[PDB]
$ cat coords-v1.tsv   # TSV, C-alpha atoms and all ligand atoms
chain	number	residue	atom	x	y	z
A	4	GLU	CA	19.20	7.20	-18.23
A	5	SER	CA	16.12	6.91	-16.03
A	6	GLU	CA	13.64	6.82	-18.93
A	7	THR	CA	15.59	3.82	-20.29
A	8	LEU	CA	15.06	1.59	-17.23
A	9	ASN	CA	11.80	-0.36	-16.92
A	10	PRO	CA	10.24	1.69	-19.76
A	11	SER	CA	7.15	-0.53	-19.74
A	12	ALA	CA	6.63	0.41	-16.06
A	13	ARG	CA	5.89	-3.24	-15.27
A	14	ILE	CA	5.85	-4.70	-11.77
A	15	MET	CA	9.28	-6.09	-10.94
A	16	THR	CA	10.17	-8.84	-8.47
A	17	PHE	CA	13.45	-9.08	-6.56
A	18	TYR	CA	15.15	-11.94	-4.73
A	19	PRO	CA	17.83	-10.30	-2.58
A	20	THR	CA	20.56	-12.34	-0.98
A	21	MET	CA	20.68	-12.04	2.80
A	22	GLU	CA	23.59	-9.59	2.45
A	23	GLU	CA	21.60	-7.26	0.19
A	24	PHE	CA	18.58	-7.70	2.48
A	25	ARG	CA	20.18	-6.49	5.71
A	26	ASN	CA	20.18	-2.75	4.81
A	27	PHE	CA	16.61	-1.73	4.10
A	28	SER	CA	16.97	1.83	2.76
A	29	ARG	CA	19.86	0.67	0.64
A	30	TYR	CA	17.95	-2.12	-1.06
A	31	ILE	CA	15.11	0.28	-1.81
A	32	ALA	CA	17.67	2.51	-3.52
A	33	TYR	CA	18.97	-0.48	-5.46
A	34	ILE	CA	15.57	-1.57	-6.73
A	35	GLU	CA	14.94	2.02	-7.80
A	36	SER	CA	18.26	2.01	-9.71
A	37	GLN	CA	16.68	-0.87	-11.64
A	38	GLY	CA	13.52	1.15	-12.38
A	39	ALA	CA	11.17	-0.68	-9.97
A	40	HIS	CA	9.41	2.52	-8.85
A	41	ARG	CA	8.04	3.22	-12.31
A	42	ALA	CA	5.42	0.49	-11.84
A	43	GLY	CA	4.35	1.98	-8.48
A	44	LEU	CA	4.57	-1.46	-6.85
A	45	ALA	CA	7.37	-3.99	-6.51
A	46	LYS	CA	7.66	-7.46	-5.00
A	47	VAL	CA	10.59	-8.44	-2.81
A	48	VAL	CA	10.99	-12.12	-1.93
A	49	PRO	CA	13.18	-12.36	1.20
A	50	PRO	CA	15.94	-14.94	1.69
A	51	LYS	CA	14.39	-18.34	2.41
A	52	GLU	CA	16.35	-18.55	5.67
A	53	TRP	CA	14.79	-15.31	6.96
A	54	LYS	CA	11.77	-15.36	9.27
A	55	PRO	CA	10.19	-12.40	11.12
A	56	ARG	CA	8.47	-14.61	13.71
A	57	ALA	CA	8.99	-18.14	14.95
A	58	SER	CA	5.40	-19.36	14.68
A	59	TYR	CA	1.92	-17.85	14.45
A	60	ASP	CA	0.20	-20.49	16.64
A	61	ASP	CA	0.13	-18.08	19.59
A	62	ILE	CA	-2.10	-15.21	18.40
A	63	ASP	CA	-5.60	-16.72	18.62
A	64	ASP	CA	-6.58	-14.38	21.47
A	65	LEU	CA	-5.18	-11.19	19.93
A	66	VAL	CA	-7.99	-8.64	19.74
A	67	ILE	CA	-9.25	-6.99	16.52
A	68	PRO	CA	-10.88	-3.94	18.13
A	69	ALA	CA	-12.81	-2.55	15.13
A	70	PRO	CA	-13.51	-5.09	12.37
A	71	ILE	CA	-15.21	-3.60	9.33
A	72	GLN	CA	-18.12	-5.05	7.36
A	73	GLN	CA	-17.51	-3.98	3.74
A	74	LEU	CA	-20.73	-3.13	1.86
A	75	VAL	CA	-19.85	-2.46	-1.78
A	76	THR	CA	-22.29	-0.64	-4.06
A	77	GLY	CA	-21.99	-0.24	-7.79
A	78	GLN	CA	-22.03	-1.79	-11.25
A	79	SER	CA	-20.14	-1.90	-14.55
A	80	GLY	CA	-16.77	-2.03	-12.87
A	81	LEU	CA	-17.31	1.06	-10.71
A	82	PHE	CA	-18.02	0.81	-6.98
A	83	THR	CA	-18.14	2.68	-3.69
A	84	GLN	CA	-17.32	0.85	-0.48
A	85	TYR	CA	-19.16	1.68	2.75
A	86	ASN	CA	-17.78	0.64	6.13
A	87	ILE	CA	-19.92	-0.79	8.92
A	88	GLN	CA	-18.00	-1.15	12.15
A	89	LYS	CA	-18.63	-4.42	13.97
A	90	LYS	CA	-17.93	-5.30	17.59
A	91	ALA	CA	-14.42	-6.32	18.58
A	92	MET	CA	-13.41	-9.95	18.12
A	93	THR	CA	-10.44	-12.25	18.52
A	94	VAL	CA	-8.30	-13.61	15.72
A	95	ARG	CA	-9.75	-17.01	16.62
A	96	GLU	CA	-13.29	-15.67	16.20
A	97	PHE	CA	-12.33	-14.04	12.92
A	98	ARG	CA	-10.63	-17.07	11.41
A	99	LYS	CA	-13.70	-19.17	12.22
A	100	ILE	CA	-15.91	-16.75	10.31
A	101	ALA	CA	-13.42	-16.42	7.43
A	102	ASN	CA	-13.32	-20.20	6.94
A	103	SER	CA	-17.04	-20.84	7.48
A	104	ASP	CA	-19.01	-21.93	4.42
A	105	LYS	CA	-20.77	-18.55	4.34
A	106	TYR	CA	-17.53	-16.62	3.77
A	107	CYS	CA	-14.78	-19.00	2.64
A	108	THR	CA	-12.83	-18.87	-0.61
A	109	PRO	CA	-14.84	-20.36	-3.47
A	110	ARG	CA	-13.49	-23.15	-5.64
A	111	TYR	CA	-11.36	-22.13	-8.60
A	112	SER	CA	-8.66	-23.29	-11.00
A	113	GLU	CA	-6.62	-20.34	-12.26
A	114	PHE	CA	-6.11	-17.06	-10.45
A	115	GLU	CA	-7.85	-15.53	-13.48
A	116	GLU	CA	-11.01	-17.40	-12.51
A	117	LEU	CA	-10.85	-16.28	-8.89
A	118	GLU	CA	-10.32	-12.69	-10.11
A	119	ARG	CA	-13.48	-12.87	-12.25
A	120	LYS	CA	-15.42	-14.21	-9.26
A	121	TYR	CA	-14.22	-11.31	-7.13
A	122	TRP	CA	-15.37	-8.69	-9.58
A	123	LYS	CA	-18.68	-10.46	-10.13
A	124	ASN	CA	-19.56	-11.00	-6.45
A	125	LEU	CA	-17.96	-7.92	-4.86
A	126	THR	CA	-21.34	-6.44	-3.92
A	127	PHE	CA	-22.84	-9.69	-2.50
A	128	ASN	CA	-22.44	-11.28	0.92
A	129	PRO	CA	-20.52	-8.32	2.45
A	130	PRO	CA	-17.38	-9.62	4.18
A	131	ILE	CA	-15.62	-8.47	7.35
A	132	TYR	CA	-12.05	-7.10	7.20
A	133	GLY	CA	-9.92	-7.05	10.35
A	134	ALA	CA	-8.24	-3.81	9.35
A	135	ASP	CA	-6.11	-1.09	10.95
A	136	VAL	CA	-5.15	-3.13	14.00
A	137	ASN	CA	-2.35	-1.36	15.89
A	138	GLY	CA	0.40	-3.89	16.40
A	139	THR	CA	3.15	-6.00	14.95
A	140	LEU	CA	3.78	-9.71	14.58
A	141	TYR	CA	7.55	-9.29	14.26
A	142	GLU	CA	9.58	-10.78	17.10
A	143	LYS	CA	11.39	-8.04	18.99
A	144	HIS	CA	14.96	-8.93	17.96
A	145	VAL	CA	14.42	-9.05	14.17
A	146	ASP	CA	16.56	-6.24	12.75
A	147	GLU	CA	16.14	-6.68	8.97
A	148	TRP	CA	13.04	-5.12	7.34
A	149	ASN	CA	11.31	-4.75	10.70
A	150	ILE	CA	8.17	-2.78	9.84
A	151	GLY	CA	8.21	-1.43	13.39
A	152	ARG	CA	11.60	0.25	12.99
A	153	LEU	CA	12.79	0.62	9.44
A	154	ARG	CA	15.10	3.57	10.16
A	155	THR	CA	14.28	5.74	7.19
A	156	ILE	CA	14.12	9.52	7.13
A	157	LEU	CA	10.40	9.33	7.96
A	158	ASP	CA	11.82	8.86	11.48
A	159	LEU	CA	12.52	12.61	11.51
A	160	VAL	CA	8.83	13.34	12.17
A	161	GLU	CA	8.81	11.54	15.53
A	162	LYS	CA	12.46	12.27	16.31
A	163	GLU	CA	12.08	16.05	15.93
A	164	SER	CA	8.47	16.65	17.10
A	165	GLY	CA	7.38	13.50	18.94
A	166	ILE	CA	4.40	13.04	16.63
A	167	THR	CA	3.29	9.50	15.85
A	168	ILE	CA	0.60	8.78	13.25
A	169	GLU	CA	-0.91	5.29	13.56
A	170	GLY	CA	-0.34	3.12	10.52
A	171	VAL	CA	1.97	5.78	9.05
A	172	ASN	CA	5.00	5.73	11.35
A	173	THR	CA	3.62	2.82	13.40
A	174	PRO	CA	2.49	-0.58	12.14
A	175	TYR	CA	-0.98	-1.81	11.26
A	176	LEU	CA	-2.11	-5.43	10.89
A	177	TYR	CA	-4.78	-6.48	8.39
A	178	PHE	CA	-6.69	-9.74	8.96
A	179	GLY	CA	-8.25	-10.73	5.67
A	180	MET	CA	-10.93	-13.07	4.45
A	181	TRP	CA	-12.15	-13.86	0.95
A	182	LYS	CA	-13.33	-10.86	-1.03
A	183	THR	CA	-12.17	-8.17	1.43
A	184	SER	CA	-10.84	-5.20	-0.52
A	185	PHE	CA	-8.50	-2.26	-0.36
A	186	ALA	CA	-9.76	0.51	-2.63
A	187	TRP	CA	-7.67	2.67	-5.01
A	188	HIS	CA	-5.30	5.05	-3.21
A	189	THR	CA	-1.86	6.45	-2.83
A	190	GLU	CA	-0.44	6.64	0.65
A	191	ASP	CA	-0.97	9.55	2.98
A	192	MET	CA	1.41	12.37	1.95
A	193	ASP	CA	2.16	10.17	-1.08
A	194	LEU	CA	4.64	8.19	1.00
A	195	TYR	CA	6.09	4.77	0.21
A	196	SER	CA	4.59	1.75	1.97
A	197	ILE	CA	5.81	-1.70	2.90
A	198	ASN	CA	3.43	-4.64	3.16
A	199	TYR	CA	4.36	-8.10	4.46
A	200	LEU	CA	2.03	-11.12	4.22
A	201	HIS	CA	2.70	-13.04	7.44
A	202	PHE	CA	0.50	-16.07	6.69
A	203	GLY	CA	-2.58	-17.32	4.94
A	204	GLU	CA	-4.12	-17.05	1.50
A	205	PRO	CA	-2.76	-14.63	-1.10
A	206	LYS	CA	-3.43	-10.92	-1.56
A	207	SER	CA	-3.86	-9.65	-5.10
A	208	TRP	CA	-2.87	-6.20	-6.24
A	209	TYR	CA	-3.41	-3.71	-9.05
A	210	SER	CA	-1.05	-0.80	-9.59
A	211	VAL	CA	-0.90	2.30	-11.80
A	212	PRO	CA	2.52	3.84	-12.61
A	213	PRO	CA	3.16	7.11	-10.73
A	214	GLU	CA	3.92	8.74	-14.10
A	215	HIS	CA	0.31	7.89	-15.07
A	216	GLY	CA	-1.50	8.56	-11.79
A	217	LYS	CA	-3.04	11.77	-13.08
A	218	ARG	CA	-4.76	9.79	-15.80
A	219	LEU	CA	-6.43	7.53	-13.24
A	220	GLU	CA	-7.48	10.57	-11.26
A	221	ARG	CA	-8.98	12.12	-14.41
A	222	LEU	CA	-10.99	8.96	-15.05
A	223	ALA	CA	-12.18	8.80	-11.44
A	224	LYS	CA	-13.36	12.42	-11.29
A	225	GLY	CA	-15.32	11.70	-14.45
A	226	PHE	CA	-16.95	8.55	-13.14
A	227	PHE	CA	-17.64	9.83	-9.60
A	228	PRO	CA	-18.62	13.41	-10.41
A	229	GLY	CA	-20.25	13.83	-7.02
A	230	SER	CA	-17.19	12.87	-5.00
A	231	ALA	CA	-14.90	15.07	-7.11
A	232	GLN	CA	-17.01	18.15	-6.29
A	233	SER	CA	-16.93	17.50	-2.54
A	234	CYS	CA	-13.19	16.92	-2.14
A	235	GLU	CA	-10.02	17.69	-4.05
A	236	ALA	CA	-8.64	14.18	-3.34
A	237	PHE	CA	-11.61	11.91	-2.68
A	238	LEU	CA	-9.63	8.76	-3.53
A	239	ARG	CA	-7.86	9.21	-0.16
A	240	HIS	CA	-11.15	8.20	1.51
A	241	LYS	CA	-10.24	4.70	0.27
A	242	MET	CA	-13.83	3.97	-0.80
A	243	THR	CA	-13.46	3.77	-4.60
A	244	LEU	CA	-13.12	0.44	-6.44
A	245	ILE	CA	-12.48	0.25	-10.19
A	246	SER	CA	-12.23	-3.02	-12.08
A	247	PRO	CA	-9.30	-3.80	-14.39
A	248	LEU	CA	-11.73	-4.14	-17.29
A	249	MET	CA	-12.69	-0.51	-16.71
A	250	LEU	CA	-9.02	0.54	-16.62
A	251	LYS	CA	-8.46	-1.26	-19.94
A	252	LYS	CA	-11.58	0.22	-21.53
A	253	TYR	CA	-10.37	3.75	-20.81
A	254	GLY	CA	-6.67	3.25	-21.43
A	255	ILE	CA	-5.35	3.53	-17.87
A	256	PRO	CA	-1.92	1.82	-17.80
A	257	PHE	CA	-1.75	-0.71	-14.97
A	258	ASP	CA	-0.28	-4.04	-13.92
A	259	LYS	CA	-1.42	-6.81	-11.59
A	260	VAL	CA	0.45	-9.13	-9.25
A	261	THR	CA	-0.44	-11.65	-6.57
A	262	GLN	CA	1.41	-11.54	-3.25
A	263	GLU	CA	1.93	-14.85	-1.43
A	264	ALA	CA	2.60	-15.52	2.22
A	265	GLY	CA	6.20	-14.60	3.09
A	266	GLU	CA	6.56	-11.94	0.38
A	267	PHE	CA	6.89	-8.18	0.71
A	268	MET	CA	5.23	-5.62	-1.51
A	269	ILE	CA	6.64	-2.10	-1.75
A	270	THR	CA	4.51	0.78	-2.98
A	271	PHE	CA	6.18	3.92	-4.26
A	272	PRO	CA	5.33	7.60	-3.98
A	273	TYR	CA	2.20	8.48	-5.90
A	274	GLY	CA	1.74	4.83	-6.89
A	275	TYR	CA	-2.00	4.09	-6.94
A	276	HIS	CA	-2.84	0.56	-5.81
A	277	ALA	CA	-5.91	-1.49	-4.98
A	278	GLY	CA	-6.67	-5.17	-4.46
A	279	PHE	CA	-8.33	-7.94	-2.52
A	280	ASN	CA	-7.68	-10.93	-0.30
A	281	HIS	CA	-8.16	-14.52	-1.49
A	282	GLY	CA	-9.08	-15.90	1.92
A	283	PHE	CA	-8.02	-15.92	5.54
A	284	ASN	CA	-4.68	-14.13	5.96
A	285	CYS	CA	-2.76	-11.51	7.91
A	286	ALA	CA	-0.61	-8.68	6.50
A	287	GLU	CA	1.43	-5.98	8.26
A	288	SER	CA	1.92	-2.50	6.79
A	289	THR	CA	3.40	0.95	7.42
A	290	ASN	CA	4.79	3.95	5.58
A	291	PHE	CA	8.38	5.00	4.97
A	292	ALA	CA	10.37	7.51	2.99
A	293	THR	CA	13.54	8.19	1.03
A	294	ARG	CA	15.05	11.52	-0.04
A	295	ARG	CA	13.08	11.36	-3.31
A	296	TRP	CA	9.83	11.31	-1.37
A	297	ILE	CA	10.34	14.85	-0.05
A	298	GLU	CA	9.28	16.51	-3.26
A	299	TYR	CA	6.17	14.32	-3.41
A	300	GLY	CA	5.34	15.31	0.17
A	301	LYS	CA	5.56	18.99	-0.73
A	302	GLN	CA	3.27	18.51	-3.71
A	303	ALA	CA	0.78	15.99	-2.34
A	304	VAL	CA	-2.87	16.99	-2.92
A	305	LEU	CA	-4.64	16.30	0.34
A	306	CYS	CA	-8.24	15.51	1.27
A	307	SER	CA	-10.08	18.83	1.61
A	308	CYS	CA	-13.30	17.57	3.23
A	309	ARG	CA	-11.70	16.56	6.57
A	310	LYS	CA	-12.65	12.89	6.00
A	311	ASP	CA	-8.90	12.07	5.90
A	312	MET	CA	-7.01	13.91	8.62
A	313	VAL	CA	-3.38	12.87	7.97
A	314	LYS	CA	-1.01	15.75	7.21
A	315	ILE	CA	2.75	15.79	7.89
A	316	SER	CA	4.61	19.09	8.13
A	317	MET	CA	7.20	19.17	5.32
A	318	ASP	CA	9.16	22.10	6.77
A	319	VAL	CA	11.67	19.89	8.61
A	320	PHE	CA	12.41	17.97	5.40
A	321	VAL	CA	12.83	21.02	3.18
A	322	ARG	CA	15.09	22.68	5.73
A	323	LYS	CA	17.34	19.66	6.19
A	324	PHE	CA	17.49	18.34	2.62
A	325	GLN	CA	16.58	21.32	0.43
A	326	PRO	CA	18.17	24.31	2.19
A	327	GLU	CA	18.68	26.02	-1.13
A	328	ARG	CA	14.93	26.07	-1.83
A	329	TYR	CA	13.55	26.65	1.67
A	330	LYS	CA	12.95	30.40	1.43
A	331	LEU	CA	11.48	30.09	-2.06
A	332	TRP	CA	9.18	27.28	-0.93
A	333	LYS	CA	7.91	29.27	2.06
A	334	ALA	CA	6.99	32.11	-0.32
A	335	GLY	CA	5.03	29.73	-2.54
A	336	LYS	CA	7.47	30.19	-5.41
A	337	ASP	CA	9.18	26.77	-5.50
A	338	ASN	CA	8.07	25.66	-8.98
A	339	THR	CA	10.01	22.36	-8.86
A	340	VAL	CA	8.63	19.67	-11.20
A	341	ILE	CA	8.69	15.96	-10.31
A	342	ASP	CA	10.20	13.53	-12.82
A	343	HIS	CA	8.62	10.23	-11.79
A	344	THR	CA	11.19	8.18	-13.69
A	345	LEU	CA	14.14	9.37	-11.61
A	346	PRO	CA	15.48	7.03	-8.89
A	347	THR	CA	16.18	8.32	-5.40
A	348	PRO	CA	19.62	9.95	-4.99
A	349	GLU	CA	20.85	7.22	-2.60
A	350	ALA	CA	20.85	4.83	-5.60
A	351	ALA	CA	23.72	6.55	-7.44
A	352	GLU	CA	26.00	3.82	-6.04
A	401	NI	NI	4.08	5.32	-20.07
A	402	NI	NI	-1.66	1.47	0.52
A	403	ZN	ZN	-11.93	14.30	1.44

$ encode --input "coords-v1.tsv" --output "structure tokens" --more "lines below"
Ligand code: NI
Ligand code: NI
Ligand SMILES: [Zn+2]
Amino acid sequence: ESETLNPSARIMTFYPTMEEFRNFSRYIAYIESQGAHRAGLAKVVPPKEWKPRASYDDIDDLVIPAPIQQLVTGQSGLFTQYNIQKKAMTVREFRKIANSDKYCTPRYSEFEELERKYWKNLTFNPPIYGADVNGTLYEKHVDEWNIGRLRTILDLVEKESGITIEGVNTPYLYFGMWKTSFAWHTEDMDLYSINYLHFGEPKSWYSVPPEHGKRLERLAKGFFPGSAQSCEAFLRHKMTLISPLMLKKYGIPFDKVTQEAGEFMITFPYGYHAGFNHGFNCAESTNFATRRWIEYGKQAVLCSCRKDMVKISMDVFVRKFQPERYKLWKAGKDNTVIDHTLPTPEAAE
């Protein structure tokens, strides 16, 4: 039974063989059959022989068009991040800043010590994040887990209508330095996401189980009463940071994991996640779907204040995969209830 698998909803890690690795959608279905989605976040370590790019010594002149200076404001584990756009710069220029004494990773022993330093110094010395860069570092002939062309049913958006949504069905690169953050969020349309750390220092993550996401939302509306009034889904603005000590103090179930260079992280529908970079690094990310995502897409609560513009029409999905509920859904009478513990149907294998 689904409730019986990964009942603690803890972050799982997988080490596929190259044979299991070759079929992306299939391996996602496998890890769900093991309960991985209940944590909201999973690690996949690819076969040691697999490489998405030959070397990264040839990207120093790649342009980061809109680097972001991250000014964080707050106290007692609760923060709001404000973005200041900086002028474009090259990877070379960015690495130099990231590694300069002003911005570099501080000295530490255990990850636990670095984590404490992050939460203590988050609002000081605002760092610059090279975020939302359109592009890919995958070499063109890599066919396994190519973030540029995963061949999931999310492809139906572009295939049927021609619509591309940057970072959603196209890839984004993220150039990190110490103390750059990604605030608490689920993906647009509560999609899955895939995140690969090409090189550099680690990226640390926090995740809340999808079956407990409503609890986190309840806590956040309470602590940011202003934001909650102005938008039905203000966490999608990706400005809200909440420390793990605050999650513990209010009983929000969560887990933490550190991603190292060469590892993938998968986020699952309605899995809230946040985190930070340890130092200079580069990650590549995009969204994807499975059949189980469709019901989350139908039910996603979207930003109401126009700050987050991403909306995908679900009609194509409901028509193709849920023909028996289409008419009901169009009349607003599809009362379907999501069971977050269930794996996607492709996993029945
Ligand atoms: Ni639980
Ligand atoms: Ni995300
Ligand atoms: Zn909004």

$ residues_around --input "coords-v1.tsv" --residues "segment 165-174 of chain A" --least-positions-apart "4" --cutoff "6 Å" --atoms "all atoms listed in the file" --output "PyMOL selection string"
chain A and resi 138+151+161+288-290

$ write_last_selection --input "coords-v1.tsv" --atoms "C-alpha atoms" --output "tab-separated table (two decimals), in the coordinates of the input"
chain	number	residue	atom	x	y	z
A	138	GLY	CA	0.40	-3.89	16.40
A	151	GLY	CA	8.21	-1.43	13.39
A	161	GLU	CA	8.81	11.54	15.53
A	288	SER	CA	1.92	-2.50	6.79
A	289	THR	CA	3.40	0.95	7.42
A	290	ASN	CA	4.79	3.95	5.58

$ residues_near_ligand --input "coords-v1.tsv" --ligand "ligand NI 401 (chain A)" --cutoff "9 Å" --atoms "all atoms listed in the file" --output "list in words"
residues 10, 11, 12, 41, 212, 214, 215 and 256 of chain A

$ atom_distance --input "coords-v1.tsv" --atom1 "atom CA of residue 130 of chain A" --atom2 "atom CA of residue 73 of chain A"
5.7 Å

$ closest_residue --input "coords-v1.tsv" --among "A:98, A:336, A:182, A:295" --to "residue 63 of chain A" --atoms "all atoms listed in the file"
A:98

$ residues_near_ligand --input "coords-v1.tsv" --ligand "ligand NI 402 (chain A)" --cutoff "7 Å" --atoms "only C-alpha atoms and all ligand atoms" --output "list in words"
residues 188, 189, 190, 196 and 276 of chain A

$ write_last_selection --input "coords-v1.tsv" --atoms "C-alpha atoms" --output "PDB file, keeping the file's coordinate frame"
ATOM      1  CA  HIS A 188      -5.300   5.050  -3.210  1.00  0.00           C
ATOM      2  CA  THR A 189      -1.860   6.450  -2.830  1.00  0.00           C
ATOM      3  CA  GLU A 190      -0.440   6.640   0.650  1.00  0.00           C
ATOM      4  CA  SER A 196       4.590   1.750   1.970  1.00  0.00           C
ATOM      5  CA  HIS A 276      -2.840   0.560  -5.810  1.00  0.00           C
TER       6      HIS A 276
END

$ residues_around --input "coords-v1.tsv" --residues "residue 300 of chain A" --least-positions-apart "3" --cutoff "7 Å" --atoms "only C-alpha atoms" --output "PyMOL selection string"
chain A and resi 192-193+296-297+303+317

$ residues_near_ligand --input "coords-v1.tsv" --ligand "ligand ZN 403 (chain A)" --cutoff "7 Å" --atoms "all atoms listed in the file" --output "PyMOL selection string"
chain A and resi 234-237+239-240+306-311

$ residues_around --input "coords-v1.tsv" --residues "residue 328 of chain A" --least-positions-apart "5" --cutoff "10 Å" --atoms "all atoms listed in the file" --output "list in words"
residues 321, 322, 333, 336, 337, 338 and 339 of chain A

$ closest_residue --input "coords-v1.tsv" --among "A:280, A:302, A:325, A:72" --to "residue 114 of chain A" --atoms "all atoms listed in the file"
A:280

$ atom_distance --input "coords-v1.tsv" --atom1 "atom CA of residue 116 of chain A" --atom2 "atom CA of residue 246 of chain A"
14.4 Å

$ closest_residue --input "coords-v1.tsv" --among "A:88, A:164, A:58, A:261" --to "residue 118 of chain A" --atoms "only C-alpha atoms"
A:261

$ closest_residue --input "coords-v1.tsv" --among "A:277, A:153, A:34, A:8" --to "residue 211 of chain A" --atoms "all atoms listed in the file"
A:277

$ atom_distance --input "coords-v1.tsv" --atom1 "atom CA of residue 301 of chain A" --atom2 "atom CA of residue 244 of chain A"
26.9 Å

$ residues_around --input "coords-v1.tsv" --residues "residue 95 of chain A" --least-positions-apart "6" --cutoff "12 Å" --atoms "only C-alpha atoms" --output "PDB file with C-alpha atoms, in the coordinates of the input"
ATOM      1  CA  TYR A  59       1.920 -17.850  14.450  1.00  0.00           C
ATOM      2  CA  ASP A  60       0.200 -20.490  16.640  1.00  0.00           C
ATOM      3  CA  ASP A  61       0.130 -18.080  19.590  1.00  0.00           C
ATOM      4  CA  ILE A  62      -2.100 -15.210  18.400  1.00  0.00           C
ATOM      5  CA  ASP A  63      -5.600 -16.720  18.620  1.00  0.00           C
ATOM      6  CA  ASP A  64      -6.580 -14.380  21.470  1.00  0.00           C
ATOM      7  CA  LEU A  65      -5.180 -11.190  19.930  1.00  0.00           C
ATOM      8  CA  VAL A  66      -7.990  -8.640  19.740  1.00  0.00           C
ATOM      9  CA  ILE A  67      -9.250  -6.990  16.520  1.00  0.00           C
ATOM     10  CA  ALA A 101     -13.420 -16.420   7.430  1.00  0.00           C
ATOM     11  CA  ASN A 102     -13.320 -20.200   6.940  1.00  0.00           C
ATOM     12  CA  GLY A 133      -9.920  -7.050  10.350  1.00  0.00           C
ATOM     13  CA  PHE A 178      -6.690  -9.740   8.960  1.00  0.00           C
ATOM     14  CA  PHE A 283      -8.020 -15.920   5.540  1.00  0.00           C
TER      15      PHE A 283
END

$ closest_residue --input "coords-v1.tsv" --among "A:350, A:57, A:249, A:260" --to "residue 28 of chain A" --atoms "all atoms listed in the file"
A:350

$ closest_residue --input "coords-v1.tsv" --among "A:93, A:124, A:5, A:270" --to "residue 213 of chain A" --atoms "all atoms listed in the file"
A:270

$ residues_around --input "coords-v1.tsv" --residues "residue 145 of chain A" --least-positions-apart "2" --cutoff "9 Å" --atoms "only C-alpha atoms" --output "ChimeraX atom specification"
/A:54-56,141-143,147-149

$ axis_aligned_box --input "coords-v1.tsv" --around "segment 73-78 of chain A" --padding-each-side "8 Å" --output "JSON"
{"center_x": -19.9, "center_y": -2.1, "center_z": -3.8, "size_x": 20.8, "size_y": 19.7, "size_z": 31.0}
